[PDB]
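The structure that follows is given in the form of structure tokens.
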Amino acid sequence: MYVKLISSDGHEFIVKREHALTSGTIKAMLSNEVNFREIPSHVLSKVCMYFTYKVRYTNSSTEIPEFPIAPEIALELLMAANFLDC
Amino acid sequence: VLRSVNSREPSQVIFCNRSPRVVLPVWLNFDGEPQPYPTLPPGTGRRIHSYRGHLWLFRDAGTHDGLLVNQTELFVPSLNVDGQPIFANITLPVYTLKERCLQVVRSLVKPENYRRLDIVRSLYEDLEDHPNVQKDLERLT
Amino acid sequence: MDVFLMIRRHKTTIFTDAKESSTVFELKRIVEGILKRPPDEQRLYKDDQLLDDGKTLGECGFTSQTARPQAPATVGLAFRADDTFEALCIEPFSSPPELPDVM
Ligand SMILES: CC(=O)N[C@@H](CC(C)C)C(=O)N[C@H](C(=O)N1C[C@H](O)C[C@H]1C(=O)NCc1ccc(-c2scnc2C)cc1)C(C)(C)C
């Protein structure tokens, strides 16, 4: 099953519920759509990619690549991760 | 507590850096002091002489970010079974998104400018509280 | 091998994975389960190229080493309203601000 995470600018990101539960903050907001008034789509898209990456590479032996973050999104992405606790 | 035991029983090891980071190997000596050893560029290996019961950990040489070795924090050379060296596979952990963001922000902002960033005081503190072996030795203890 | 995708239409983006050996039609069935629109009312695209139902994702250039979890490949999606297909439209994500001086 999937959940919808909606950015401040209206982008609707549909991701697997278990991936989204990577964030306890998101867990609280569900307990199946969540709006983020402070997280724009260029940040929330990256957050979703992080979920996929975390779930793919957690408990795996195959070599782990760097999670890439452009300098231009790092500050907002930092603020988002701190809010989402992930 | 966290110290190498003086076994005197040799153990040959391959430090194998399967990370994109320059790696600082750190040996915990008999008094528990971290002793740094020469670095390993990304994707390179070294054959080295250590001993059973000796304790090692591995860090990004530039930033001291935590690395894993055979999927754990610490590496202890074991008995060489039929002459073969023990492989110590050094890898990136799956960092939290927060910690990865802090890495990137640290790598772009001089520490004297952390305070100039528009963020909650707690994140300034998080940036300032950068990775450090001494803190990790306290946490593991 | 798994490929990791963003399937995108207007302001909708689905994050999902699929087998390199799976087909375009099969990806439409995945979209159908999520967005409740049958395969025949869907067009999938790679860039501006319409994808053929019978082709594997690998054949269309969605390979495990380029469609990665941390950087998924984009599949475009267009719906048929009644008689005719809408044109492919993907709303871009927002723009980051200018780097602060200190960065
Ligand atoms: C002195 C003592 O009470 N015991 C000895 C063994 C005893 C049989 C004399 C002993 O443990 N010696 C240490 C020792 O030889 N060590 C400590 C670690 O187990 C590894 C080993 C060592 O230093 N080997 C040489 C070495 C040189 C370079 C490297 C590295 S790491 C990355 N690149 C290189 C080239 C790795 C190992 C020291 C550093 C005290 C001399």
Side-chain angles (χ1 to χ4, degrees), chain A residues 5 7-8 13 15-16 18-26 28-29 34 36-86, chain B residues 16-23 40-45 58-60 62-63 65-73 87-110 113-115 117-120 122-123 125-130:
Chain A
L5 312 180
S7 70
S8 59
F13 293 99
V15 310
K16 272 182 191 146
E18 95 173 288
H19 294 201
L21 299 183
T22 301
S23 169
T25 301
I26 293 186
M29 294 169 102
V34 187
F36 298 95
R37 298 195 207 180
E38 291 174 279
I39 304 174
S41 58
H42 71 273
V43 174
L44 186 55
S45 54
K46 266 278 162 160
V47 169
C48 293
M49 294 175 199
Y50 180 79
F51 301 154
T52 315
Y53 166 87
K54 169 148 181 180
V55 171
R56 165 67 183 89
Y57 289 114
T58 288
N59 282 313
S60 206
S61 62
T62 61
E63 191 191 317
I64 293 173
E66 197 84 77
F67 188 78
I69 299 170
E72 292 76 16
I73 70 165
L75 252 176
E76 295 168 295
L77 193 63
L78 178 62
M79 289 184 296
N82 192 67
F83 179 71
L84 299 170
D85 184 32
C86 65
Chain B
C16 173
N17 179 10
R18 298 171 194 280
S19 90
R21 311 305 187 84
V22 181
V23 168
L40 286 103
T44 63
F58 303 85
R59 318 299 276 211
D60 176 304
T63 63
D65 295 327
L67 298 170
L68 295 178
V69 56
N70 300 338
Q71 322 266 253
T72 32
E73 308 271 315
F87 236 74
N89 300 303
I90 303 161
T91 52
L92 275 191
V94 175
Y95 298 115
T96 65
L97 181 63
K98 179 182 180 165
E99 188 60 37
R100 187 63 192 124
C101 288
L102 291 165
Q103 285 168 14
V104 174
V105 171
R106 284 191 197 111
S107 76
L108 294 167
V109 184
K110 299 216 290 291
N113 292 126
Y114 293 168
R115 285 286 174 281
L117 297 164
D118 185 26
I119 60 188
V120 294
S122 65
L123 280 178
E125 289 165 353
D126 294 330
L127 283 166
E128 264 166 356
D129 187 19
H130 55 78

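Chain letters run A, B, ... following the sequence lines, proteins first and then strands; every chain starts at 1.
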Does anything in residues 55-67 of chain A get under 4.5 Å of chain B by heavy atoms, and if so which residues?
A/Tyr57, A/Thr58, A/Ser60, A/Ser61, A/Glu63, A/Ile64, A/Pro65, A/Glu66, A/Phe67
Distance check, rounded to the nearest 0.5 Å: A/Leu75 atom CG versus B/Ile119 atom CD1?
6.5 Å
Supply the atom-to-atom distance B/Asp126 CG to A/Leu78 CG, rounded to the nearest 0.5 angstrom.
8.0 Å
About how many Å separate CG of B/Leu108 and CD of A/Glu72, when rounded to the nearest 0.5 Å?
9.0 Å
Sequence neighbours left out, what passes side-chain contact (heavy atoms from CB on, under 4.5 Å) with A/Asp85? Give chain and number order.
A/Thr25
Can you give me the closest heavy-atom contact between B/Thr96 and A/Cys86, atom names plus distance?
CB-O, 3.7 Å
Side chain to side chain, B/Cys101 and A/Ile69, heavy atoms closer than 4.5 Å:
yes
Nearest heavy-atom pair of B/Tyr95 and A/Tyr50: which atoms, and what distance?
O-OH, 2.5 Å
Between B/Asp118 and A/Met79 the two heavy atoms that sit nearest each other are O-SD, 4.1 Å
Heavy-atom distance under 4.5 Å to chain A: side chain of B/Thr91, backbone, both or neither?
neither
